[PDB]
Amino acid sequence: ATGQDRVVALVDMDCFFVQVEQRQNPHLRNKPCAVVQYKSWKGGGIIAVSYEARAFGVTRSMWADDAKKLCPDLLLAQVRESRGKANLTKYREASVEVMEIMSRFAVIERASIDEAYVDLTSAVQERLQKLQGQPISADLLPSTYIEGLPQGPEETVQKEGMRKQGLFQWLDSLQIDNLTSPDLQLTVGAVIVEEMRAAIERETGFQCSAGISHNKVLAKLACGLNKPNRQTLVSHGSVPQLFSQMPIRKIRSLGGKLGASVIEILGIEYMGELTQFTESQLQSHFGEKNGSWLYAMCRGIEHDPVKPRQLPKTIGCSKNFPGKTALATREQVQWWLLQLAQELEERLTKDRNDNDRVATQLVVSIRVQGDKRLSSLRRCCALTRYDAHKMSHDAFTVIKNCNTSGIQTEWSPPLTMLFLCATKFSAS
DNA sequence: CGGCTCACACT
DNA sequence: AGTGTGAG
Ligand SMILES: Nc1ccn([C@H]2C[C@H](O)[C@@H](COP(=O)(O)NP(=O)(O)OP(=O)(O)O)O2)c(=O)n1
Ligand SMILES: [Mg+2]
Ligand SMILES: [Mg+2]
């Protein structure tokens with residue numbers, strides 16, 4: 001079991017929110033640009049950054065005023081604001097454009113607003129059959145990188161030169177006659193991804209990057225290797241060298257506490273080092289599921305299927321009221337619950353029309369001042385009507401007990417966060 | 001005051 | 001049903 005059974009691709013839009021703004025606002029194109037929200041506080045928080053802007057060191061989770069210091073000419077596009085909160089509708093709609101195009105080629109799993117996993121196994125089989133021993137031209141893979149290539153013995157000075165040489169080595173090595181071979185399958189998968197990315201760009205004007213491999217983790221990792229506007233094929237064989245110097249945190253789901261735990265407990269830095277441990281050893285340290293996943297993953301093997309899901313399982317609205325802005329009155333809490341409910345209602349109504357389904361559960365989450373937990377309390381009630389007033393009213397009923405204060409016209413402790421989430425969808 | 005938004009494991 | 005982790 002070499003985990004070479006599937007052909008999986010992860011496609012991620014390059015600086016997605018920026019591209020959406022750049023398409024709509026042509027003046028932003030091919031310039032250091034960022035997308036920000038909530039301009040009032042420090043010029044707004046940057047949530048997307050063009051590659052021209054990244055050259056100046058501008059990053060996500062950076063204040064616009066600070067970004068300006070690094071990049072004086074940085075152009076900014078503001079996230080739409082509705083009812084006192086950021087509205088992401090344009091980006092969701094832009095996302096739908098991309099997802100629908102991708103869906104034409106194969107079943108997709110919407111991993112995020114700007115990326116999706118594709119299981120191309122079946123599509124590859126069909127493509128392999130359509131061409132009988134047809135040699136795969138380099139022209140079919142104009143933006144493809146083969147990780148780990150070129151290897152061995154002035155063209156390579158340029159990145160395009162390196163890409164070509166690597167591709168040539170790979171293609172020269174490829175034997176068409178073996179329809180079964182995983183490398184061949186990955187290659188054909190890459191050809192389809194080229195087509196998928198060309199279609200996306202032609203039809204949306206959005207550029208994207210892609211990773212092609214035998215699983216989701218490798219595909220996602222591969223995608224990031226040659227961003228932007230490029231796709232990378234990571235073969236099973238490329239894994240040992242790739243993982244040998246690959247920081248553990250870089251593997252998906254290893255970015256947080258578990259990753260640090262793996263590093264600290266095992267005293268290792270790289271993904272490859274995990275191979276020297278028995279599955280039982282890994283299981284003992286990190287649990288049954290994690291241990292087995294780690295044992296297989298460090299060998300480039302993962303079995304997490306590409307879920308056939310294009311739609312979010314939940315629709316959520318929330319707002320932060322940090323520090324001084326915390327809501328300390330009942331009226332204040334009710335008004336904000338209403339604003340969140342109103343946006344939620346609009347999105348829910350659209351969802352029902354577009355997707356033939358209804359949310360049956362309303363989830364309410366709040367944060368009181370002095371908690372470092374993202375959520376202080378979680379509570380749920382039935383969502384029976386797509387009405388903002390009822391939903392906000394119900395949400396308030398569910399969380400009204402949290403209010404310590406006797407006066408009751410005041411709210412204590414003050415709420416630093418309000419969250420409304422529609423869940424438990426059903427067909428209709 | 002890196003904000004808003006999802007998915008999912010564990011209990 | 002609720003809490004926490006991880007991600008984008
Ligand atoms: N913390 C984050 C991460 C992403 N996003 C949004 C903005 C991003 O443009 C979009 C996609 O996330 P992302 O793929 O990780 N980064 P982005 O697409 O902007 O650039 P790339 O590095 O992928 O090329 O989700 C966000 O709002 N908050
Ligand atoms: Mg992206
Ligand atoms: Mg992404």
Side-chain angles (χ1 to χ4, degrees), chain A residues 10-18 34-49 58-67 78-82 84-89 91-92 95 109-117 216-217 220-221 223-224 227 249-261 286-290 293 304 307 309-326 340 343-344 347 361-367 369 371-382 398-399 416-425:
Chain A
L10 180 276
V11 175
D12 189 277
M13 311 302 303
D14 306 328
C15 55
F16 184 52
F17 286 21
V18 168
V35 175
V36 298
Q37 61 184 14
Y38 299 122
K39 204 96 179 65
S40 74
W41 187 263
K42 308 208 159 212
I46 294 177
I47 66 176
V49 187
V58 174
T59 61
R60 169 167 68 239
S61 120
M62 168 181 290
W63 293 120
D65 294 346
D66 294 335
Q78 288 176 201
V79 168
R80 184 175 169 214
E81 209 170 294
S82 309
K85 75 174 296 292
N87 170 26
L88 300 181
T89 298
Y91 313 112
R92 295 189 176 99
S95 174
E109 184 193 309
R110 178 204 191 270
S112 77
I113 195 173
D114 92 310
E115 79 205 80
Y117 291 94
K216 295 204 291 185
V217 163
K220 171 62 168 184
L221 183 59
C223 177
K227 262 186 178 287
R249 66 175 178 274
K250 295 318 169 122
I251 274 58
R252 193 204 54 188
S253 85
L254 295 194
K257 300 185 176 191
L258 178 56
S261 178
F286 316 108
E288 193 177 276
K289 172 166 164 287
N290 292 337
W293 188 84
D304 187 16
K307 283 115 188 108
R309 192 194 62 238
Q310 267 161 232
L311 299 176
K313 319 184 76 159
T314 64
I315 297 189
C317 314
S318 70
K319 182 166 179 54
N320 284 352
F321 309 93
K324 171 200 158 302
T325 66
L340 289 175
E343 182 198 321
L344 182 50
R347 289 169 61 189
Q361 183 181 46
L362 178 58
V363 180
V364 180
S365 182
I366 68 165
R367 179 132 105 123
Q369 221 162 30
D371 227 324
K372 175 188 134 53
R373 309 187 277 147
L374 301 179
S375 164
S376 290
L377 176 82
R378 165 102 158 4
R379 288 286 192 267
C380 69
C381 64
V398 167
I399 69 164
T416 48
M417 187 275 298
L418 289 182
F419 176 69
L420 288 184
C421 189
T423 63
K424 295 191 182 306
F425 286 75

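Reckoned from all heavy atoms, side chains included, excluding hydrogens, waters and symmetry mates. Just so it is clear: chains get the letters A, B, ... in the order the sequence lines come, proteins before strands, and each one is counted from 1.
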Which residues satisfy the side-chain hydrogen bond (donor to acceptor under 3.5 Å, both in side chains) test with A:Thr89, sequence neighbours excluded?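 So A:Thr89 forms a side-chain hydrogen bond (donor to acceptor under 3.5 Å, both in side chains) with A:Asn87.
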Kindly write out the residues that satisfy side-chain hydrogen bond (donor to acceptor under 3.5 Å, both in side chains) with A:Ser376, not counting sequence neighbours, or none if the list is empty.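 Once residues adjacent in sequence are excluded, the partners of A:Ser376 under the side-chain hydrogen bond (donor to acceptor under 3.5 Å, both in side chains) criterion are A:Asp371.
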Under 4.0 Å between any heavy atoms, over every strand shown, what does [X] touch: base, sugar-phosphate, or nothing? Just pick one.
{"X": "A:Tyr38", "result": "sugar-phosphate"}
{"X": "A:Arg60", "result": "nothing"}
{"X": "A:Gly255", "result": "sugar-phosphate"}

Report the residues that fulfil ring pair (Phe, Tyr, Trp, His ring centres under 6.0 Å) with A:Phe286, sequence neighbours left out, ordered by chain and then residue number. none
Contacts of A:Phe321 that satisfy ring pair (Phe, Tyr, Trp, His ring centres under 6.0 Å) - sequence neighbours left out: A:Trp336
Donor-acceptor pair, A:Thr423 side chain versus A:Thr314 backbone, under 3.5 Å?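 The answer is no, because no donor-acceptor pair under 3.5 Å joins these two groups.
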Rounded interatomic separation in angstrom, taking [atom1] from [X] and [atom2] from [N]:
{"X": "A:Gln78", "N": "B:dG3", "atom1": "CD", "atom2": "P", "answer": "17 Å"}
{"X": "A:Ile46", "N": "B:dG2", "atom1": "CD1", "atom2": "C1'", "answer": "10 Å"}
{"X": "A:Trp41", "N": "B:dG2", "atom1": "CH2", "atom2": "P", "answer": "9 Å"}
{"X": "A:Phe17", "N": "B:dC4", "atom1": "CZ", "atom2": "P", "answer": "13 Å"}
{"X": "A:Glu81", "N": "B:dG3", "atom1": "CD", "atom2": "P", "answer": "14 Å"}
{"X": "A:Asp65", "N": "B:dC1", "atom1": "CG", "atom2": "P", "answer": "18 Å"}

What interatomic distance, in whole Å, is found between P of C:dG8 and the corresponding atom of B:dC1? 25 Å
When you check every protein heavy atom under 4.0 Å of nucleotides 5-11 of chain B, what one-letter string (B, S, -) results, 5' to 3'? SSSSS--
Can you list the residues that meet the salt bridge (charged side-chain N to carboxylate O under 4.0 Å, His left out) rule with A:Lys220, with sequence neighbours excluded? A:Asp12, A:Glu115
Can you name the salt bridge (charged side-chain N to carboxylate O under 4.0 Å, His left out) partners of A:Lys307, sequence neighbours left out?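 Only A:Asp304 meet the salt bridge (charged side-chain N to carboxylate O under 4.0 Å, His left out) criterion with A:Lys307.
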Do the non-hydrogen side-chain atoms of A:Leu344 and A:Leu362 ever get within less than 4.5 Å of each other?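 Yes. Closest side-chain heavy atoms under 4.5 Å.
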Those residues at least two apart in sequence (or on a different chain) that pass side chain to side chain contact (heavy atoms under 4.5 Å, CB included) with A:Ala67 are A:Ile46, A:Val58, A:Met62, A:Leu74
Span of DNA chain C in contact with chain A (heavy atoms, under 4.0 Å): C:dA1 to C:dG8
Does the sign of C1'-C2'-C3'-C4' make the B:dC6 sugar north or south? north
